[PDB]
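One structure is given here, and the rest of the page talks about it.
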Amino acid sequence: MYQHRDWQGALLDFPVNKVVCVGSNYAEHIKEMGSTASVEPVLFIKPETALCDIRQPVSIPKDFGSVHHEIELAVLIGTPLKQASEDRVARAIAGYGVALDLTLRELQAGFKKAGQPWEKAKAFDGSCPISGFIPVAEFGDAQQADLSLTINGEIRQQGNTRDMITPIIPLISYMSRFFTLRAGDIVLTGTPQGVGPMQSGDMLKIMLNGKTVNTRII
Amino acid sequence: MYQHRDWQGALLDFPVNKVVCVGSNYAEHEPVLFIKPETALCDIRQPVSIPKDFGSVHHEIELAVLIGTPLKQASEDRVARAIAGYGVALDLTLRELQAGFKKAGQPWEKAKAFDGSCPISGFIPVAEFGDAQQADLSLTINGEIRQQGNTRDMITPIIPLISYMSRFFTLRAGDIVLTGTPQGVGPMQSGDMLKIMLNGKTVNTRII
Ligand SMILES: [Cl-]
């Protein structure tokens, strides 16, 4: 089972339960998916079995079609939130990290056309490789963070959270109307443009502001 | 806080994690799969809370299955040995919200995964439950029978269903599987008095 860690690799003591995620949160990503924005945030969830340490080799399933990377800012909740105001949300954030919301894109496309749930495409084992968390105190302005994903030496995604359609705080406030977010829950804030396929053997370099993690698909 | 129990209410030693569920698994109502998180779970014997601004909330009575040993890409034989017990649950669904998501091709989590959306009973051990593919399920609201069905009518039976699920999601010991709902799904409201039956074992509760 996955365990939360700080950037240095130290174990953190928060419980692990779920990851609440937003789709269609960057306009350029909405455009490359051929979709449109939604009136309210598009929400889905990944279970504990999706979570894994991004610093270790990242396993992807081989039989379900192509697996696409979606780099995203991850937010660690340190205090439980239910129907929480924006101010309560702000005070509840423990740290920030970077994840890949790995997606079986072909399946997802079929689910969308059939009006079917996304879990098989978004929730599968290991579909959420994630970094250690950076303290709120050292992270700076969360809504201005840079994210970059380089695969085999080529930049694939490079973006900044300033481009979020629904900003972090109101987003988390919104999510808490539906789901109690326990201490130790993680929130994924969406992916910018550049989403694409990965295959076994690819080398990944991932950066969150000035900080780097490296790994390999395998 | 929700913890797993046996039918009578004693604590079972299994952690609580997630609930893996199937849609459209009975005719009158590749398996459609979705998941509810731990925050969906609550004790069915206690008054049941439903949300007020999300539209109609509908009951779906279903046979619930407690996983007692971990399953990943497991054979039907391994699955059978894995089951620790059986219970009954309501898969509460915000139907109008869901009708919206289906049309737009959005995920179902808001409609299926919301807090308290899995009221569930205690579990009866496998040895004492008899044939789980023959189980009677019954839901009466305010004296009127709303759902009445039997698991023999499952489109995909329990064992193959759980085997299929494990191809996608690892099922930890303590995970619960929901098997689908028979026909008669309908809205519930505050004040509703509920009588639930699993093979004649009766539990009563109420909404609000
Ligand atoms: Cl009894």
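Here, A, B, ... name the chains of the structure tokens in the order displayed, residue numbers run from 1 inside each chain, and ligands are numbered from 1 in the same displayed order.
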Apply DSSP to the structure's backbone, then extract all residues of chain B labelled helix (DSSP H, G or I) and return them as a VMD selection string. chain B and resid 38 to 40 76 to 82 95 to 104 109 to 112 126 to 129 151 to 153 158 to 168
Can those selected residues be exported to a file as a CSV table (one decimal), in the first residue's frame so that it contains N, CA and C atoms?
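The resulting file, part_0.csv, is shown below:
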chain,number,residue,atom,x,y,z
B,38,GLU,N,-14.7,5.2,1.2
B,38,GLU,CA,-15.0,4.9,2.5
B,38,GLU,C,-16.0,5.9,3.2
B,39,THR,N,-16.0,7.1,2.7
B,39,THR,CA,-16.9,8.1,3.3
B,39,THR,C,-18.3,7.9,2.9
B,40,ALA,N,-18.6,7.0,1.9
B,40,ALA,CA,-19.9,6.7,1.5
B,40,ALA,C,-20.6,5.8,2.5
B,76,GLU,N,-11.7,-17.3,-10.8
B,76,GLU,CA,-12.9,-17.5,-10.1
B,76,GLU,C,-12.8,-18.4,-8.9
B,77,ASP,N,-11.8,-19.3,-8.9
B,77,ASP,CA,-11.6,-20.2,-7.8
B,77,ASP,C,-11.1,-19.5,-6.6
B,78,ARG,N,-10.1,-18.6,-6.8
B,78,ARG,CA,-9.5,-17.8,-5.8
B,78,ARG,C,-10.6,-16.9,-5.2
B,79,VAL,N,-11.4,-16.3,-6.1
B,79,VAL,CA,-12.5,-15.4,-5.7
B,79,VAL,C,-13.4,-16.1,-4.6
B,80,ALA,N,-13.9,-17.2,-5.0
B,80,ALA,CA,-14.8,-18.0,-4.1
B,80,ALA,C,-14.2,-18.2,-2.7
B,81,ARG,N,-12.9,-18.6,-2.6
B,81,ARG,CA,-12.3,-18.7,-1.3
B,81,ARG,C,-12.1,-17.4,-0.6
B,82,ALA,N,-12.1,-16.3,-1.3
B,82,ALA,CA,-11.8,-15.0,-0.8
B,82,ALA,C,-13.0,-14.4,0.0
B,95,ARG,N,-30.4,10.4,-8.9
B,95,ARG,CA,-30.7,10.0,-10.3
B,95,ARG,C,-30.7,11.1,-11.3
B,96,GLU,N,-31.3,12.2,-11.0
B,96,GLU,CA,-31.4,13.3,-11.9
B,96,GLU,C,-30.0,13.9,-12.2
B,97,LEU,N,-29.2,14.0,-11.2
B,97,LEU,CA,-27.8,14.4,-11.4
B,97,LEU,C,-27.1,13.4,-12.4
B,98,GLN,N,-27.4,12.1,-12.1
B,98,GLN,CA,-26.8,11.0,-12.9
B,98,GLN,C,-27.2,11.1,-14.3
B,99,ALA,N,-28.5,11.3,-14.5
B,99,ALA,CA,-29.1,11.4,-15.9
B,99,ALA,C,-28.3,12.5,-16.6
B,100,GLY,N,-28.1,13.6,-16.0
B,100,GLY,CA,-27.2,14.7,-16.5
B,100,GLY,C,-25.8,14.2,-16.9
B,101,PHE,N,-25.1,13.5,-16.0
B,101,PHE,CA,-23.8,13.0,-16.3
B,101,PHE,C,-23.7,12.0,-17.5
B,102,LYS,N,-24.7,11.2,-17.6
B,102,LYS,CA,-24.8,10.2,-18.6
B,102,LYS,C,-24.8,10.9,-20.0
B,103,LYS,N,-25.7,11.9,-20.1
B,103,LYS,CA,-25.9,12.6,-21.3
B,103,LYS,C,-24.6,13.3,-21.7
B,104,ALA,N,-24.0,14.0,-20.8
B,104,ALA,CA,-22.8,14.7,-21.0
B,104,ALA,C,-21.5,13.8,-21.0
B,109,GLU,N,-19.2,10.0,-10.0
B,109,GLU,CA,-18.9,10.1,-8.6
B,109,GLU,C,-19.8,11.0,-7.8
B,110,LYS,N,-20.2,12.2,-8.3
B,110,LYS,CA,-21.0,13.1,-7.6
B,110,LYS,C,-22.4,12.4,-7.3
B,111,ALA,N,-22.9,11.6,-8.2
B,111,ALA,CA,-24.2,11.0,-8.1
B,111,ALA,C,-24.2,9.7,-7.3
B,112,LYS,N,-23.0,8.9,-7.4
B,112,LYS,CA,-22.9,7.7,-6.7
B,112,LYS,C,-22.0,7.6,-5.4
B,126,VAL,N,-20.0,-16.7,5.4
B,126,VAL,CA,-20.3,-17.5,4.2
B,126,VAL,C,-20.9,-18.8,4.6
B,127,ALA,N,-20.4,-19.4,5.7
B,127,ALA,CA,-20.9,-20.7,6.2
B,127,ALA,C,-22.4,-20.8,6.5
B,128,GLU,N,-22.9,-19.7,7.0
B,128,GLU,CA,-24.3,-19.6,7.5
B,128,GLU,C,-25.3,-18.9,6.5
B,129,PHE,N,-24.7,-18.4,5.4
B,129,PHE,CA,-25.6,-17.6,4.5
B,129,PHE,C,-26.3,-18.5,3.4
B,151,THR,N,-31.1,-12.6,-6.1
B,151,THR,CA,-29.9,-12.6,-6.8
B,151,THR,C,-29.7,-13.6,-8.0
B,152,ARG,N,-30.6,-14.5,-8.1
B,152,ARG,CA,-30.5,-15.5,-9.2
B,152,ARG,C,-30.7,-14.7,-10.5
B,153,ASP,N,-31.2,-13.5,-10.5
B,153,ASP,CA,-31.4,-12.7,-11.7
B,153,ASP,C,-30.3,-11.8,-12.1
B,158,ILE,N,-22.0,-13.4,-9.0
B,158,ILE,CA,-21.1,-12.9,-8.1
B,158,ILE,C,-19.6,-13.2,-8.3
B,159,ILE,N,-19.3,-14.5,-8.5
B,159,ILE,CA,-17.9,-14.9,-8.6
B,159,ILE,C,-17.3,-14.4,-9.9
B,160,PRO,N,-17.8,-14.6,-11.1
B,160,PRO,CA,-17.2,-14.0,-12.2
B,160,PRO,C,-17.2,-12.5,-12.2
B,161,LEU,N,-18.3,-11.9,-11.6
B,161,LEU,CA,-18.3,-10.4,-11.4
B,161,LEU,C,-17.0,-10.0,-10.6
B,162,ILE,N,-16.8,-10.6,-9.5
B,162,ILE,CA,-15.7,-10.2,-8.6
B,162,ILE,C,-14.3,-10.5,-9.3
B,163,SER,N,-14.3,-11.5,-10.1
B,163,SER,CA,-13.1,-11.9,-10.8
B,163,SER,C,-12.8,-10.8,-11.8
B,164,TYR,N,-13.8,-10.4,-12.6
B,164,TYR,CA,-13.7,-9.3,-13.5
B,164,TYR,C,-13.2,-8.0,-12.9
B,165,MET,N,-13.8,-7.6,-11.8
B,165,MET,CA,-13.4,-6.4,-11.1
B,165,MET,C,-11.9,-6.3,-10.7
B,166,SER,N,-11.4,-7.5,-10.3
B,166,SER,CA,-10.0,-7.5,-9.8
B,166,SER,C,-9.0,-7.4,-11.0
B,167,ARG,N,-9.5,-7.4,-12.2
B,167,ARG,CA,-8.6,-7.2,-13.3
B,167,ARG,C,-8.2,-5.7,-13.4
B,168,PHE,N,-9.1,-4.9,-12.8
B,168,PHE,CA,-8.9,-3.4,-12.8
B,168,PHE,C,-8.5,-2.9,-11.5
As an MDAnalysis selection string, please: every residue in range 91-125 of chain B that DSSP puts in strand (DSSP E or B). chainID B and resid 93:94 118:120 123:125
Save the residues we just selected, N, CA, C and O atoms, as a tab-separated table (two decimals), in the first residue's frame?
chain	number	residue	atom	x	y	z
B	93	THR	N	-28.49	6.86	-4.95
B	93	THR	CA	-28.11	7.39	-6.25
B	93	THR	C	-28.82	8.70	-6.43
B	93	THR	O	-30.03	8.79	-6.20
B	94	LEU	N	-28.09	9.74	-6.85
B	94	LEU	CA	-28.79	10.96	-7.17
B	94	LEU	C	-29.11	10.80	-8.65
B	94	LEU	O	-28.28	11.05	-9.51
B	118	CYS	N	-23.75	4.85	0.85
B	118	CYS	CA	-23.77	3.39	1.01
B	118	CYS	C	-24.16	2.92	2.42
B	118	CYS	O	-23.35	2.37	3.15
B	119	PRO	N	-25.42	3.16	2.82
B	119	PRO	CA	-25.92	2.54	4.05
B	119	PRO	C	-25.78	1.02	3.92
B	119	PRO	O	-26.18	0.48	2.90
B	120	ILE	N	-25.21	0.35	4.92
B	120	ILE	CA	-24.99	-1.08	4.79
B	120	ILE	C	-25.19	-1.82	6.11
B	120	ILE	O	-24.95	-1.28	7.19
B	123	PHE	N	-22.50	-8.17	8.21
B	123	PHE	CA	-22.30	-9.30	7.31
B	123	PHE	C	-22.54	-10.65	7.98
B	123	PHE	O	-22.16	-10.87	9.13
B	124	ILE	N	-23.18	-11.54	7.24
B	124	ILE	CA	-23.39	-12.92	7.65
B	124	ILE	C	-22.27	-13.77	7.08
B	124	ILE	O	-22.00	-13.71	5.89
B	125	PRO	N	-21.60	-14.56	7.93
B	125	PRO	CA	-20.54	-15.44	7.44
B	125	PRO	C	-20.98	-16.34	6.28
B	125	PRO	O	-22.15	-16.69	6.19
Neighbour list for residue 120 in chain A as a list in words, cut-off 8 Å, only C-alpha atoms, skip fewer than 5 positions in-chain: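 My list of contacting residues is residues 107 of chain A; 33, 34 and 168 of chain B.
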Could you take the residues named above and write them with N, CA and C atoms, as a PDB file, in the first residue's frame?
ATOM      1  N   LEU A 107     -10.438   3.787 -23.499  1.00  0.00           N
ATOM      2  CA  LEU A 107     -11.589   3.381 -22.682  1.00  0.00           C
ATOM      3  C   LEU A 107     -12.391   4.599 -22.247  1.00  0.00           C
TER       4      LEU A 107
ATOM      5  N   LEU B  33     -18.727  -0.707 -14.132  1.00  0.00           N
ATOM      6  CA  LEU B  33     -18.144  -0.664 -12.803  1.00  0.00           C
ATOM      7  C   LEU B  33     -17.926   0.758 -12.293  1.00  0.00           C
ATOM      8  N   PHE B  34     -18.259   0.973 -11.033  1.00  0.00           N
ATOM      9  CA  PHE B  34     -17.921   2.231 -10.387  1.00  0.00           C
ATOM     10  C   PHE B  34     -17.605   1.932  -8.940  1.00  0.00           C
ATOM     11  N   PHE B 168      -9.105  -4.888 -12.836  1.00  0.00           N
ATOM     12  CA  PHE B 168      -8.947  -3.439 -12.828  1.00  0.00           C
ATOM     13  C   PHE B 168      -8.474  -2.938 -11.487  1.00  0.00           C
TER      14      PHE B 168
END
Excluding residue 24 in chain A and its own-chain neighbours fewer than 2 positions away, which residues fall within 9 Å of it when counting only C-alpha atoms? Please give them as a PDB file with N, CA and C atoms, in the first residue's frame.
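Writing the result to around_23.pdb gives the following:
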ATOM      1  N   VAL A  22     -10.265  16.662 -10.518  1.00  0.00           N
ATOM      2  CA  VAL A  22     -11.108  17.466 -11.393  1.00  0.00           C
ATOM      3  C   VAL A  22     -10.736  17.262 -12.862  1.00  0.00           C
ATOM      4  N   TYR A  26      -8.324  23.037 -17.373  1.00  0.00           N
ATOM      5  CA  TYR A  26      -7.481  23.965 -18.132  1.00  0.00           C
ATOM      6  C   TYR A  26      -8.044  24.086 -19.551  1.00  0.00           C
ATOM      7  N   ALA A  27      -8.253  25.311 -20.018  1.00  0.00           N
ATOM      8  CA  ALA A  27      -8.909  25.526 -21.315  1.00  0.00           C
ATOM      9  C   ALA A  27      -8.206  24.860 -22.499  1.00  0.00           C
ATOM     10  N   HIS A  29      -6.436  22.194 -22.436  1.00  0.00           N
ATOM     11  CA  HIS A  29      -6.644  20.758 -22.360  1.00  0.00           C
ATOM     12  C   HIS A  29      -8.055  20.406 -22.833  1.00  0.00           C
ATOM     13  N   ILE A  30      -9.032  21.204 -22.425  1.00  0.00           N
ATOM     14  CA  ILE A  30     -10.378  21.005 -22.931  1.00  0.00           C
ATOM     15  C   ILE A  30     -10.404  21.025 -24.465  1.00  0.00           C
ATOM     16  N   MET A  33      -8.855  17.802 -26.078  1.00  0.00           N
ATOM     17  CA  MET A  33      -9.772  16.663 -25.896  1.00  0.00           C
ATOM     18  C   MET A  33     -11.046  16.813 -26.738  1.00  0.00           C
ATOM     19  N   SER A  35     -13.482  18.633 -26.211  1.00  0.00           N
ATOM     20  CA  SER A  35     -14.664  18.841 -25.377  1.00  0.00           C
ATOM     21  C   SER A  35     -14.946  20.314 -25.095  1.00  0.00           C
ATOM     22  N   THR A  36     -15.890  20.562 -24.202  1.00  0.00           N
ATOM     23  CA  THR A  36     -16.143  21.915 -23.734  1.00  0.00           C
ATOM     24  C   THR A  36     -16.170  21.946 -22.217  1.00  0.00           C
ATOM     25  N   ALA A  37     -16.084  23.148 -21.663  1.00  0.00           N
ATOM     26  CA  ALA A  37     -16.129  23.324 -20.216  1.00  0.00           C
ATOM     27  C   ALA A  37     -17.498  22.955 -19.645  1.00  0.00           C
ATOM     28  N   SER A  38     -17.537  22.709 -18.340  1.00  0.00           N
ATOM     29  CA  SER A  38     -18.779  22.347 -17.675  1.00  0.00           C
ATOM     30  C   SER A  38     -19.169  23.480 -16.743  1.00  0.00           C
ATOM     31  N   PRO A  41     -17.480  22.103 -11.683  1.00  0.00           N
ATOM     32  CA  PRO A  41     -16.310  21.244 -11.820  1.00  0.00           C
ATOM     33  C   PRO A  41     -16.707  19.800 -12.051  1.00  0.00           C
ATOM     34  N   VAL A  42     -16.011  19.168 -12.984  1.00  0.00           N
ATOM     35  CA  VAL A  42     -16.152  17.740 -13.245  1.00  0.00           C
ATOM     36  C   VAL A  42     -15.324  16.971 -12.223  1.00  0.00           C
ATOM     37  N   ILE A 165      -9.132  26.811 -14.477  1.00  0.00           N
ATOM     38  CA  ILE A 165     -10.446  27.420 -14.674  1.00  0.00           C
ATOM     39  C   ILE A 165     -11.138  27.608 -13.330  1.00  0.00           C
ATOM     40  N   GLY A 190      -6.076  19.048 -11.878  1.00  0.00           N
ATOM     41  CA  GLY A 190      -6.318  19.016 -13.313  1.00  0.00           C
ATOM     42  C   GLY A 190      -5.048  19.133 -14.129  1.00  0.00           C
ATOM     43  N   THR A 191      -5.141  18.818 -15.418  1.00  0.00           N
ATOM     44  CA  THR A 191      -3.945  18.791 -16.235  1.00  0.00           C
ATOM     45  C   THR A 191      -4.013  19.834 -17.362  1.00  0.00           C
ATOM     46  N   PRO A 192      -2.877  20.484 -17.648  1.00  0.00           N
ATOM     47  CA  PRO A 192      -2.807  21.442 -18.753  1.00  0.00           C
ATOM     48  C   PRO A 192      -2.696  20.674 -20.064  1.00  0.00           C
TER      49      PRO A 192
END
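Every residue having at least one atom no farther than 9 Å from ligand 1 is included below, with only C-alpha atoms and all ligand atoms taken into account: residues 7, 8, 201 and 202 of chain B.
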Nearest residue to residue 138 in chain B from the set B:182, B:23, B:191, B:9 (distances using only C-alpha atoms):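 Checking each of B:182, B:23, B:191, B:9 against residue 138 in chain B, counting only C-alpha atoms, the winner is B:182.
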Set the distance at 6 Å and use only C-alpha atoms: which residues neighbour range 45-60 of chain A once local chain neighbours fewer than 2 positions away are removed? I'd like the list as a PyMOL selection string. chain A and resi 2+17-21+123-131+215-218
If you count only C-alpha atoms, which residues fall within 9 Å of residue 121 in chain A, apart from same-chain ones fewer than 5 positions away, as an MDAnalysis selection string? (chainID A and resid 64 102:108 111 127) or (chainID B and resid 168)
Between CA of residue 83 in chain B and CA of residue 122 in chain B, what is the distance in Å, rounded to a tenth?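 Answer for the CA of residue 83 in chain B to CA of residue 122 in chain B separation: 14.4 Å.
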Nearby residues (only C-alpha atoms) at most 7 Å from residue 136 in chain B, same-chain spacing under 5 positions excluded, as a ChimeraX atom specification: /B:149-151,198-199
Nearest-residue call for residue 132 in chain A, choices A:39, A:73, A:198, A:203, using only C-alpha atoms: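 For residue 132 in chain A, the nearest of the candidates is A:73.
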Go through B:57, B:71, B:155, B:137 one by one, measure the shortest atom-to-atom distance of each to residue 27 in chain B using only C-alpha atoms, and give the residue with the smallest value. B:155
Out of B:70, B:172, B:189, B:181, which residue has the shortest atom-to-atom distance to residue 142 in chain B when counting only C-alpha atoms?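 Looking at the shortest contact to residue 142 in chain B, the residue is B:189.
Checking A:40, A:86, A:13, A:202 one by one against chain B, counting only C-alpha atoms, you find the shortest gap at A:40.
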In Å, rounded to a single decimal, give me how far CA of residue 208 in chain B is from CA of residue 171 in chain A.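 Interatomic distance, CA of residue 171 in chain A to CA of residue 208 in chain B: 27.9 Å.
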Point out the residue among A:176, A:166, A:8, A:161 with the least atom-to-atom distance to chain B, counting only C-alpha atoms.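 Looking only at the distances to chain B, the closest residue turns out to be A:176.
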